[PDB]
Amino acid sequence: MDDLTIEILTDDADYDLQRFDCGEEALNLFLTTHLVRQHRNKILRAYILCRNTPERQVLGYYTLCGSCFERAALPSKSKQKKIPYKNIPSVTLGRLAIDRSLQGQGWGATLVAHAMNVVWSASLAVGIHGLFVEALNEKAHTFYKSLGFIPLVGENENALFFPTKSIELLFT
């Protein structure tokens, strides 16, 4: 564990997968089949936390995708004018998993920071207002809440948000 790095998945599909366990078998099985297939379809960008060795075993991963948001129905908008805005651009961090070996070691947080660094670098090339994450359960919810993510309520409950501006602030 001297030699960890975070690399984008290289499309060759040449890592060591099934010897990976984070304790939640949804994330594990998502890595087993879904991650490489969803990556090669550019439905996501996979980032691999692995050792800088020839064997290259995986200790973590996260996924980034483009996304966009909208409001349900804008009322009383005869105020001055109405230039519609239908595809408001954002990025989603879909899922994030750490091998049980690296639990209790802040690696979740450093992966989150790395994703924010990727999103901030993209910020200067395309317009991106902020970063949603999905929190499937209580532990993920509070975890993301403790980094600054604002919870959304009501049928958007399982989603939190972080503005791109406060990402720029993180890297002053």
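Quick note: we count residues from 1 along the sequence shown, nothing fancier.
Mean CA temperature factor is higher for 100-108 when stretches 38-46 and 100-108 are set side by side in the entry. Between the stretches 50-58 and 122-130, it is 50-58 that shows the larger average CA temperature factor. Among all modelled residues in its chain, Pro163 ranks in the lowest third by Cα B-factor. The PDB entry assigns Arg71 a C-alpha temperature factor belonging to the middle third of its chain's modelled residues. In the deposited entry, the Cα temperature factor of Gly94 places it in the middle third of its chain's modelled residues.
Among all modelled residues in its chain, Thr32 ranks in the highest third by Cα B-factor. Looking at the C-alpha B-factors along this chain, the one for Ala140 belongs to the middle third.
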